[PDB]
Each structure stands twice: as C-alpha cells, then as structure tokens.
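> Fold the following and give me the result.
(6 chains, ligands or ions: 94)
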Number of protein chains: 6
Amino acid sequence: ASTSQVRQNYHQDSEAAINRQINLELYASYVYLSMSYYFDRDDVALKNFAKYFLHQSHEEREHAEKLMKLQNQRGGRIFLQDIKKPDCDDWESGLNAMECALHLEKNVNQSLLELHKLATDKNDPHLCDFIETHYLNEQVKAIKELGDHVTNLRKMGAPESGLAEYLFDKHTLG
Amino acid sequence: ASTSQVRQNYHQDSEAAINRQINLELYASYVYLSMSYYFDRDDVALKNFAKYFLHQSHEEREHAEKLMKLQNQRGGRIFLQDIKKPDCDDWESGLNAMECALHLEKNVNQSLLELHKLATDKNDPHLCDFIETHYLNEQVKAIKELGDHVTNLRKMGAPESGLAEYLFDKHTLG
Amino acid sequence: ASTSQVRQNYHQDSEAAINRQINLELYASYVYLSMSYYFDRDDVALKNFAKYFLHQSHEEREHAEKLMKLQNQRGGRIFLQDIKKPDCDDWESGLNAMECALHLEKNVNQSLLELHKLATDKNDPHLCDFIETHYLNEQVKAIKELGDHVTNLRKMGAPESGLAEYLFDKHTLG
Amino acid sequence: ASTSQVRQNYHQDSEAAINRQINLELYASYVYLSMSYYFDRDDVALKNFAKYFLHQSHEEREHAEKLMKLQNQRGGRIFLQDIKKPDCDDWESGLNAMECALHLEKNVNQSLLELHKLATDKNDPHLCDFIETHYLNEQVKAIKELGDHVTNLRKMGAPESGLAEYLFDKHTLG
Amino acid sequence: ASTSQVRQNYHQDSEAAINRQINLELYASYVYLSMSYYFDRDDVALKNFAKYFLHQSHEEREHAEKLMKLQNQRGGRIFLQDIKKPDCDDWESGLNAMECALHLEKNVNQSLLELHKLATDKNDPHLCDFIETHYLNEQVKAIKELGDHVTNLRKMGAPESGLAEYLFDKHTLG
Amino acid sequence: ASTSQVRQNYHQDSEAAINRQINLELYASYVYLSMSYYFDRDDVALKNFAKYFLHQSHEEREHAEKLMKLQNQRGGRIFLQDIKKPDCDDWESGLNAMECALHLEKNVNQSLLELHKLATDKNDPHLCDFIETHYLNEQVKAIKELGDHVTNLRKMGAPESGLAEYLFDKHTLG
Ligand SMILES: [Cl-]
Ligand SMILES: [Cl-]
Ligand SMILES: [Cl-]
Ligand SMILES: [Cl-]
Ligand SMILES: [Cl-]
Ligand SMILES: [Cl-]
Ligand SMILES: [Cl-]
Ligand SMILES: [Cl-]
Ligand SMILES: [Cl-]
Ligand SMILES: [Cl-]
Ligand SMILES: [Cl-]
Ligand SMILES: [Cl-]
Ligand SMILES: [Cl-]
Ligand SMILES: [Cl-]
Ligand SMILES: [Cl-]
Ligand SMILES: [Cl-]
Ligand SMILES: [Cl-]
Ligand SMILES: [Cl-]
Ligand SMILES: [Cl-]
Ligand SMILES: [Cl-]
Ligand SMILES: [Cl-]
Ligand SMILES: [Cl-]
Ligand SMILES: [Cl-]
Ligand SMILES: [Cl-]
Ligand SMILES: [Cl-]
Ligand SMILES: [Cl-]
Ligand SMILES: [Cl-]
Ligand SMILES: [Cl-]
Ligand SMILES: [Cl-]
Ligand SMILES: [Cl-]
Ligand SMILES: [Cl-]
Ligand SMILES: [Cl-]
Ligand SMILES: [Cl-]
Ligand SMILES: [Cl-]
Ligand SMILES: [Cl-]
Ligand SMILES: [Cl-]
Ligand SMILES: [Cl-]
Ligand SMILES: [Cl-]
Ligand SMILES: [Cl-]
Ligand SMILES: [Cl-]
Ligand SMILES: [Cl-]
Ligand SMILES: [Cl-]
Ligand SMILES: [Cl-]
Ligand SMILES: [Fe+3]
Ligand SMILES: [Fe+3]
Ligand SMILES: [Fe+3]
Ligand SMILES: [Fe+3]
Ligand SMILES: [Fe+3]
Ligand SMILES: [Fe+3]
Ligand SMILES: [Fe+3]
Ligand SMILES: [Mg+2]
Ligand SMILES: [Mg+2]
Ligand SMILES: [Mg+2]
Ligand SMILES: [Mg+2]
Ligand SMILES: [Mg+2]
Ligand SMILES: [Mg+2]
Ligand SMILES: [Mg+2]
Ligand SMILES: [Mg+2]
Ligand SMILES: [Mg+2]
Ligand SMILES: [Mg+2]
Ligand SMILES: [Mg+2]
Ligand SMILES: [Mg+2]
Ligand SMILES: [Mg+2]
Ligand SMILES: [Mg+2]
Ligand SMILES: [Mg+2]
Ligand SMILES: [Mg+2]
Ligand SMILES: [Mg+2]
Ligand SMILES: [Mg+2]
Ligand SMILES: [Mg+2]
Ligand SMILES: [Mg+2]
Ligand SMILES: [Mg+2]
Ligand SMILES: [Mg+2]
Ligand SMILES: [Mg+2]
Ligand SMILES: [Mg+2]
Ligand SMILES: [Mg+2]
Ligand SMILES: [Mg+2]
Ligand SMILES: [Mg+2]
Ligand SMILES: [Mg+2]
Ligand SMILES: [Mg+2]
Ligand SMILES: [Mg+2]
Ligand SMILES: [Mg+2]
Ligand SMILES: [Mg+2]
Ligand SMILES: [Mg+2]
Ligand SMILES: [Mg+2]
Ligand SMILES: [Mg+2]
Ligand SMILES: [Mg+2]
Ligand SMILES: [Mg+2]
Ligand SMILES: [Mg+2]
Ligand SMILES: [Mg+2]
Ligand SMILES: [Mg+2]
Ligand SMILES: [Mg+2]
Ligand SMILES: [Mg+2]
Ligand SMILES: [Mg+2]
Ligand SMILES: [Mg+2]
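Numbering: from 1, shown residues only, chains lettered A, B, ... in the order given. Ligands and ions are numbered 1, 2, ... in the order given. See the structure here:
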C-alpha cells in the first residue's frame, strides 16, 4: 500500500495512463514486426521494406522501455497487459503497409496528446516536458515521413505497379 | 490457397509448431522485460540484475525473429497470436526472479524438444539441424547459467540476506 | 577388393549415393555456366545476370569438390560419369532462367534429402551431419533467394518488359 | 539422491556412457603421451614424431575436458575411473606407432558411434548434436590423416628404411 | 535464323570448331579433377600432386570460359555437349598421371593447331591472334613442364620407388 | 639389454624412482582435474575455483612431461603405470578441496625429498640439481599458497559460510 519514497506530484491517473501508453508502444512494436516479415515472404520479396519496418519495430520497443523507466523514476508501478496481435496477417502491398503505419502512428500520437492533456490537468510539468521532449516531435517526424512515402508510392503508380514498389524499395528505403 | 514456390519437405504441422514457438519466444522476451524493470524500482534498486534481464529479453526477441525468418525461408506463413502478460508483476527478490527465469528457460527447452520430435517424425532434417544449431545448445547454456546463479544466491543467504543479492549484483552480474 | 584402412560405418549404398550426388553437383555447375553465357550474348546483354549465374556455377563446382573430399575421407572410391549437357541452349529471358534455376535447386535439394534418408537408414550420423552442415541450409537459402528473384521479376512485368529485366540486373544483381 | 535443477531429457544411461567416454579420451591422451616420449629416446631420436604425438596427446585431454563440461551442463555427475597404462612400452618404429594411432582413433570413433546410437535411442537431440559437432568429424579427419601417414611411410619403405622415417619426420611432420 | 548484329568475317565452320574446343577444354578440366582426387585417396596420399592437378583443372575451366566469351564476342552461338568422363578411374602412380597429363596437353595442342589452320584457311586474323595470344604458348609451356616432371620422376626411380614420388611431391610440387 | 650410449652415472634405482615420480605427477594432475570440474557443477558453481584447479592440473602434467624428458636425457627408459582415480568424487566445499590440495602437494614434496635422498646416496649431482631447480622450490611455493588459501577461507567462516567461498572465489582466485 504505502507510498514510494521518490513519488512527488505524480497523480494515480497519470501512473495508469503511463501503463496504458507502455502497452500501446509494445503493440506498435508488434505491428511493425508483423509488417517487416510480410516483406520477407518469397511472394513479396521487398528487402528494404522489411528492413525499414524492422527498424520501426525496434524503435517502438525503445519507446516502451523509456516509459517503463519513467514509471519507476516517478515512483509509479508498472502494470503490464497482453500485447494484442496486429489487426492484419496480410498487409497486401508496400503502399497498404505504409498507409497502415501512417494510421498506427497517428493513433499513437492521439494517445500521447491525451496523455499530455491529463498531465496538464494534474499540473505535472515534469511529465509534460517528458512527453514533449521524447515523444511529440518524434511522432510528428514519423507521421510526416510516412505521409511522404505514401505520396511517392501513389504518384509512382502503386499498388498496381509492382515496378513502383520495387524502385521505391531501392531508391527511398535502400 | 496455392503452394509457395519455395516450399519443399515442410509439413503443415511443422509450420504450425513454428508459429507456436514464435509466440513462446515473444512471451519469454516479455517475461524478461518485466523482470528487468522490477530491478529498476527505487525499492529494489539492483541495476545489474536489471541489465542482465534486459539483455535476456533482447536475446528472446532475436530468437523469435530467427524463427520468423525460418518460416519464410521454408515457404510457411507466419501467424501471430497475442503475447500474454507475464504470470507475475512482483518478482519478490533477485533469487526468486532467477528461479522463475530457470523455470521459463526449461519450459522453452521442453517446447523446442517437442518441436524437434515433430521435425524428426516428419523426416525434416533441415528443421532438425536448424533447431539443434540455433536453439538446443543455447537453451542448455542458458539453463546451466541460471542454475549456477540460483546456487550462488542460495549459498550466499538470499533471499533473506539483502547483502547477498547486493554483492551478487556487483560481482557476478557487474 | 580389400577394404580401405580408414573406412568405418560407411555403407556401400552411401558410397554409391555420394558418387551420384557428385555428378548432380557437376551437372548443376554446367547448367549455371550455360545460363551465364546466354546473358553475355550481344542480343541478351544483361551483364549482372551473366555474373550472378557464373558465381552460381563456381559454387556448384565447390559443392562437387567437397563431396569428392568426403568420399576419400570416409574411404569410399570416387566413380565419375559423363556430365550431361543442360536441357536448354536458349533460356529465353532473365525470368525464365531464374525459374529454371529455382527448379534446378529444388531438384538438387530433393536429391540431398534422399541422401540424408539413406544415411539415416544406415545409421551414419557423420554423413547426416555432413549433409546438414554443408548442404541443406545452403539449398534452403538458394531456393529462397531464387524465389525472391522470380517474384520481383514477375511483379516488375517480366518477361514482356525488357525494362524490368534491365532494372533488375542493375538494382538487385548489380 | 534428488535431481539436478538443470537436468532435462538426460537419460541415466547417457550420463553413464558420457563417463565411459571421458575415460577413453583420457586413455587416448595417455597412449599418445607414451608414443611421444618413445620418439624422444636417444636410440629413436625422431623429434617431429615426438612433437606430433605430444600435440595429439594434448588434443585428447581437451576432448576429455569438453565431455566433463557437457556432463555438468546437462546436470549429470562425473565419475572417474583409473586411466589404464597403454598396451605398449616399445612402439618399435614410426610406422608401427602411426598404425597403432590409426587403430586407437578407429576404436575411439566406434565408441562415439555407440554413444550417438544411445543418444538417438533416448531421443536426446542436444547430445546427438554435441557428438556430431565436436567429435564425429574430428575423428573422420584424424583417421584420414593417420591413414595418409601410414600410406606414405609404407610407400617410402618403412619400417626397414630408417632413411624413410627420417625424411618423413622432416618433410611431413616438420 | 537472322545474323548477329556483331558478326563479321566469322565463318560457320570456325563457330562450330570453337564449340568443339569448348567441349575439349571442359573435358581436360574433368580429367585433371579426377587425377587430383586420386592423389587425395588415403592409399595414395600425395597432397601436392592433388593440389597441382586441382590447379590444372581450374585453369582448363578458365580456358573454356574464355572460348565461350570469344564465341559471343564474334556473334557465334555456344552449343554445349556432354562432358565425357575421363578414360581412367585409377591413375596408378604419380608418374603415370603425369604421363597421362602430357598426353592430354599434346592432344589439346593438336586440336588448337587444327583450329588455327581452319582460321588461317578462312582468313580470320582476329581468331588466329586469339589462339596464338591465349592458347598456343600456354600449351607449349604446359607440355614442357609436364615433360620436365615426367623426366625427373623417371630419373628418381618412379613408379617402383614410392620414395621418389614422395620426395618429388615435396620438392617440386611443394 | 645393452646400455644406452648416453647413460653415465645414472643408477638403476634412480631410473625406477623417476618412473614412480612420473606416475605421482600424473596422479596429481588427475586429482586437480577432478577438483576443477566439481566447482563447475551447477550445485557448486564457483568458476574461479574451477579455473584455479584446472591450471594446477595442467602444471602437474608439465611436471610429469619434464620428468619423462629427464628419463630420456639420462638414457633411462620410461615405464608407465595406471593413473589411479582420485580418492574423492565429492570434494564437499572450497575449503575442503584446498585442504586436500595442500595434503596432495605435501605428499608430492615428500616423494621428491625421498628422490633427492636417493640421488644424494648414489652421488648423482645432475639429478640432485634437476630436482632442486625444477621441483623443490615449486613445491615450497605451492604449499605456502595453499596454506594461505586455507587460512583465509577458515578466517572468512568457510565452509558453513557460502558467502565466504563466493567472495574468496571473486577476490583471491578472480
Ligand atoms: Cl504524488
Ligand atoms: Cl493521486
Ligand atoms: Cl534496429
Ligand atoms: Cl503544469
Ligand atoms: Cl525529436
Ligand atoms: Cl520532418
Ligand atoms: Cl524536426
Ligand atoms: Cl532506376
Ligand atoms: Cl512441402
Ligand atoms: Cl503437409
Ligand atoms: Cl541487449
Ligand atoms: Cl530426418
Ligand atoms: Cl550454441
Ligand atoms: Cl555452460
Ligand atoms: Cl557449450
Ligand atoms: Cl564400413
Ligand atoms: Cl556395406
Ligand atoms: Cl565465383
Ligand atoms: Cl544415425
Ligand atoms: Cl548454411
Ligand atoms: Cl534466406
Ligand atoms: Cl540462414
Ligand atoms: Cl532428465
Ligand atoms: Cl533416466
Ligand atoms: Cl599441444
Ligand atoms: Cl532425437
Ligand atoms: Cl570438425
Ligand atoms: Cl581430411
Ligand atoms: Cl572436413
Ligand atoms: Cl560473318
Ligand atoms: Cl559462313
Ligand atoms: Cl586454382
Ligand atoms: Cl588471315
Ligand atoms: Cl603465354
Ligand atoms: Cl617453359
Ligand atoms: Cl615462354
Ligand atoms: Cl650409468
Ligand atoms: Cl646401476
Ligand atoms: Cl593452464
Ligand atoms: Cl653428489
Ligand atoms: Cl622455483
Ligand atoms: Cl611464496
Ligand atoms: Cl620463491
Ligand atoms: Fe512509439
Ligand atoms: Fe528463446
Ligand atoms: Fe568486492
Ligand atoms: Fe550444389
Ligand atoms: Fe578424442
Ligand atoms: Fe586448356
Ligand atoms: Fe607436481
Ligand atoms: Mg491500449
Ligand atoms: Mg517510427
Ligand atoms: Mg500504487
Ligand atoms: Mg484477439
Ligand atoms: Mg491498415
Ligand atoms: Mg525536442
Ligand atoms: Mg528520443
Ligand atoms: Mg504457446
Ligand atoms: Mg537467455
Ligand atoms: Mg498455408
Ligand atoms: Mg490473461
Ligand atoms: Mg516463477
Ligand atoms: Mg552448435
Ligand atoms: Mg545463435
Ligand atoms: Mg544423376
Ligand atoms: Mg547456388
Ligand atoms: Mg569399393
Ligand atoms: Mg544427351
Ligand atoms: Mg527450365
Ligand atoms: Mg540428427
Ligand atoms: Mg548450419
Ligand atoms: Mg559451406
Ligand atoms: Mg572404457
Ligand atoms: Mg587426434
Ligand atoms: Mg545421479
Ligand atoms: Mg593393468
Ligand atoms: Mg598397436
Ligand atoms: Mg561440423
Ligand atoms: Mg572442436
Ligand atoms: Mg571433342
Ligand atoms: Mg595446364
Ligand atoms: Mg547460327
Ligand atoms: Mg561413355
Ligand atoms: Mg593415360
Ligand atoms: Mg604471347
Ligand atoms: Mg592467358
Ligand atoms: Mg606411486
Ligand atoms: Mg601446483
Ligand atoms: Mg634398463
Ligand atoms: Mg582402485
Ligand atoms: Mg582430502
Ligand atoms: Mg647440493
Ligand atoms: Mg631455483
Ligand atoms: Mg620450472
């Protein structure tokens, strides 16, 4: 029951919201892992799409670990939940995977914006600064990058043009 | 429906057993992640226990990735399931965590031995060699290491001796 | 007549099966040599297809040499047969050559799997280990690579698109 | 009485067979030590024969140590027996010593093949892989090398030609 | 049917004669491969004879490849035939193998001299220069080397003297 | 029967005493090998005790080899006997093993002192110098080191204190 010796200005609602965000980052890690190995299939065979999404996957795990570190720094207690399987097994195309990644990153951003609103409501400037420093601009850059990629693949003629996804794999992701 | 152009001598039962093993490796990764951050709590504060279990966690993710690579190499299709949360939130002590890790690694080994029996039953010598090369001796070394650690912590007087877990953290894990 | 001073646990059927496999590896070497120089024709002119298949050809010769070394290591006696000319003089296209190479590598794999079954039947664990160590995973990687290449060429629009085979030559094989 | 915390899938018969093999490797070490110092006698005086057999002797000790390490890795218990003196004090000639070494290495190989059959019978794929990885191909190479040496010494005119054993000592073992 | 865009002054008889020579070079490659592994037998065991003939074998493959390159350079079309097994399985002795290699190299030279006569008859100075530059002096050097080796082995007392072949292996081929 | 051409001032009793000492050094090597792998057990798990005794074991083998070299230098003839298994399978504790090693080294020293008395009685100053140079001060240093180790382990509270043996392993043997 008794309070952590380190805990100060750290609301129970913020503690719970941080545990929810840890789960979402691990979910995103899992989604990108699934997408990566789709592109390693012998009937898809786009190795730089596979490498790009595997790197994305490793970055999400790092995002989760930093939130776990934060939870302990502030004297909250980590509570883990199941990591749900991704919505899709078959990602259809390079373009569709990039569109799904854009959607994932905007949903993660919306979660972080809700987290920041809560930290603002509870007058937790350390937690506001943590989210702003480590997460919000990373999300803005990730979303911009994925939008750029979706744009190029559409302009090149994906997903009908297998030549488009092949040349994008070599010139943008390679 | 139609068969992968690469698939040869790769039974549907082996394909399914590989997907089950991918889930178990990701589960083990999650268990070690949970254990790691327990030792980063301000009321536990054993930083080399935390580092040791985080490294274990990263190794399990690599074990899962190599099985995903194998699935595609042989022309099977990855099917992911939810990654269950670990059995414990509170791991009690350095000794208890090490005993739980020993139990986890023996359960993963038993799964791999069942997988090898199936590959033997289906006359899949490539899959037998894959399991023997990349997994069986890694498990034997992991189990031996964890047994050694449990032995030292017990002999030192853990878990009642907080001095024992502190000195083990510095001299064996540091 | 009299037995080799080194021979131990090496069945006459295994000895004969090794000589058959030596011939098949030299045949595969010859098939890839033929394919290589097709791409060096002035009316085909895909230099990285030519280089890729020449390297394949040199690797098959190395596969044959290692089996010849094995035969002598175990005290069997090499018996050579004619190396048959390849089935084709004209390989039609980059895509068709890659499809023929995939077929060749799956036939060589099937031969090696029959060889392993025989070594298992004759309780020859050294020969089983030799095949697993030096051949089975090399075949699995070769087949996966060729499947990936066939997939990309088809998606790019080969064989009708001469642009597809030209750009594949530069970006994947170059 | 109670079971090792590490032990899994490790039959008592395999444990005993490993202890027998440890003794045989130490015996082989002793045989090669005896042979080495025969060639250091002032009335034999073949220094590269002496060096060759001393290196052989050190390799057998390493073979024994790795089996001792395996016994503990799998949670079996080492049981040592007397190391019998070699069959001979006087090895007669370079050729006779090489013929005795060929016989020793084939007997050690036969022991390892019996060990592998037992591990196969007890469905111990880790132990099968251990024997295949560390022992079976080392034996095949050792036996082939000794056969080659016996062949050269016989062709040169040993053991009647002291010139043959002298020139072999310099050109093959030196 | 229609003519290569590159073809100029290249008679159909020269084109056919080049295909015959490609087969003979691949045959010679095969003969030297067979001879090499004879010397790797445990009951022959002359490792520098084995290395010498393996290098010879690799040089013949290079001779064949350069003729394949020539065929395409001049706009002819490669036509491959079966590579016949060597005349012998058992080469008897170092001296006999060297005598067989001398005979092989003189037969290859006679083929090249017939090829040059044809190129002269068809007023093909490029093909005459190609044969003179890349083949005729290589044959003269190869034949002289093999004659020197046969001479030394005979003078040393081969094939009855196993000491002769052993010392030649070390001092000339080593 | 007839005498070695090198033999001078080398009594048959000294020759026999040297063969007895060769056996005792090989016995000591075996005792330290057994002790080493006791500390590699998963239920003992003191890796620097294991390393220390393995090094001791290798030093005893070197002691035996130097006596074998001496036997031949002086024109005596090596006669080997069985190497008896150690008195213990289970060495109980770090302290007990160190006490057993102290006892072993004092027994080996007593043997060497008897050997020196015999060499003195037979007026063999070369053999006296050999024993003094290579053995007597090595024994005195070994005995002093083991006494120091026994003293520290007792003062630290071994064998009841598992913490004592763990910290000794790290700070003295590590
Ligand atoms: Cl608070
Ligand atoms: Cl609160
Ligand atoms: Cl990464
Ligand atoms: Cl605030
Ligand atoms: Cl940023
Ligand atoms: Cl940006
Ligand atoms: Cl920015
Ligand atoms: Cl391009
Ligand atoms: Cl299949
Ligand atoms: Cl199936
Ligand atoms: Cl790591
Ligand atoms: Cl099988
Ligand atoms: Cl391993
Ligand atoms: Cl280990
Ligand atoms: Cl190991
Ligand atoms: Cl046999
Ligand atoms: Cl047979
Ligand atoms: Cl190459
Ligand atoms: Cl078997
Ligand atoms: Cl491989
Ligand atoms: Cl691969
Ligand atoms: Cl691989
Ligand atoms: Cl068991
Ligand atoms: Cl049992
Ligand atoms: Cl050595
Ligand atoms: Cl098995
Ligand atoms: Cl090996
Ligand atoms: Cl070999
Ligand atoms: Cl080898
Ligand atoms: Cl023309
Ligand atoms: Cl013409
Ligand atoms: Cl070469
Ligand atoms: Cl002319
Ligand atoms: Cl030249
Ligand atoms: Cl010359
Ligand atoms: Cl010249
Ligand atoms: Cl004397
Ligand atoms: Cl005397
Ligand atoms: Cl050492
Ligand atoms: Cl004296
Ligand atoms: Cl000293
Ligand atoms: Cl001292
Ligand atoms: Cl001193
Ligand atoms: Fe994230
Ligand atoms: Fe794992
Ligand atoms: Fe300390
Ligand atoms: Fe091959
Ligand atoms: Fe051995
Ligand atoms: Fe040639
Ligand atoms: Fe000693
Ligand atoms: Mg959620
Ligand atoms: Mg990202
Ligand atoms: Mg709480
Ligand atoms: Mg669900
Ligand atoms: Mg989507
Ligand atoms: Mg910033
Ligand atoms: Mg950052
Ligand atoms: Mg499961
Ligand atoms: Mg691990
Ligand atoms: Mg399916
Ligand atoms: Mg649940
Ligand atoms: Mg537990
Ligand atoms: Mg291994
Ligand atoms: Mg590995
Ligand atoms: Mg065939
Ligand atoms: Mg290949
Ligand atoms: Mg035969
Ligand atoms: Mg035909
Ligand atoms: Mg085909
Ligand atoms: Mg096997
Ligand atoms: Mg392998
Ligand atoms: Mg290889
Ligand atoms: Mg025995
Ligand atoms: Mg050896
Ligand atoms: Mg027992
Ligand atoms: Mg006896
Ligand atoms: Mg003998
Ligand atoms: Mg191997
Ligand atoms: Mg080894
Ligand atoms: Mg011909
Ligand atoms: Mg030549
Ligand atoms: Mg034509
Ligand atoms: Mg014929
Ligand atoms: Mg001939
Ligand atoms: Mg010239
Ligand atoms: Mg040249
Ligand atoms: Mg004694
Ligand atoms: Mg000592
Ligand atoms: Mg005597
Ligand atoms: Mg006894
Ligand atoms: Mg004792
Ligand atoms: Mg004195
Ligand atoms: Mg001194
Ligand atoms: Mg000394």
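
> Name the residues that touch stretch A:53-71?
Stretch A:53-71 has contacts (Cβ atoms under 8 Å, 6 or more residues apart in numbering or on different chains) with A:15, A:18-19, A:21-22, A:25-26, A:28-30, A:32-33, A:35-36, A:39, A:77-78, A:97, A:101, A:127, A:130, A:134-135, A:138, B:33, B:37, B:40, B:54, B:61, B:65. All C-beta spots, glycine's among them, are computed from the backbone N, C-alpha and C.

> any idea how far it is from the chain center?
Mean-position distance between stretch A:53-71 and its chain equals 8 Å (Cα atoms, centre = their mean, to the nearest Å).

> So which residues on chain A come close to ligand 6?
A:141, A:144 (Cβ under 5 Å from the ion).

> Mind telling me which residue of chain A is nearest ligand 17?
Chain A approaches ligand 17 most closely through residue A:42 (40.3 Å), counting by Cβ to the ion.

> Give the helix, strand or coil label for that residue.
coil (DSSP: H, G, I helix; E, B strand; the rest coil).

> does the closest residue to residue A:134 other than its chain neighbours sit in a helix or strand, and which one?
Once flanking residues are discounted, residue A:134 sits nearest to residue A:66: 6.0 Å by Cβ to Cβ, 6 or more residues apart in numbering or on different chains. Residue A:66 belongs to helix A:47-73 when assigned by DSSP states H and E.

> ok, and does the helix or strand just after that helix reach over to ligand 5?
Toward the C-terminal end, the helix or strand that comes next after helix A:47-73 (DSSP H and E) is helix A:94-121. No. For a cut-off given as Cβ under 5 Å from the ion, helix A:94-121 has no contacts with ligand 5; the smallest distance is 12.5 Å.

> quick check: angle from helix A:94-121 to helix A:47-73?
Interaxial angle of helix A:94-121 relative to helix A:47-73 (axes from the mean of the first three to the mean of the last three Cα atoms, to 10 degrees): 10 degrees.

> Report whether the helix or strand just after helix A:94-121 contacts ligand 1.
Under the assignment DSSP H and E, the closest C-terminal helix or strand after helix A:94-121 is helix A:125-131. No. On the criterion Cβ under 5 Å from the ion, helix A:125-131 is out of touch with ligand 1, staying 11.4 Å away.

> what's the burial count for residue A:134?
15 (other Cβ atoms under 10 Å in any protein chain shown).

> whoops, residue A:14 was the one
19.

> Quick one: buried ones out of the contacts of stretch A:53-71?
A:15, A:18-19, A:21-22, A:25-26, A:28-30, A:32-33, A:35-36, A:39, A:78, A:97, A:101, A:127, A:130, A:135, A:138, B:33, B:37, B:40, B:54, B:61, B:65 (16 or more other Cβ atoms under 10 Å in any protein chain shown).

> if we can go back for a sec, if we go by neighbour counts, what in the helix holding residue A:66 is buried?
For helix A:47-73, by 16+ other Cβ under 10 Å, it's A:47-54, A:56-57, A:60-61, A:63-65, A:67-68, A:70-72.

> hmm, that helix touching ligand 21?
No. Using Cβ under 5 Å from the ion, helix A:47-73 stays clear of ligand 21, coming no nearer than 10.1 Å.

> does that helix come close to ligand 44?
Yes. Helix A:47-73 comes into contact with ligand 44 (Cβ under 5 Å from the ion), by way of A:60, A:63.

> now stretch A:137-146, how far from the centre of its chain.
That offset, for stretch A:137-146, works out to 10 Å (Cα atoms, centre = their mean).

> Good, we can wrap up now.
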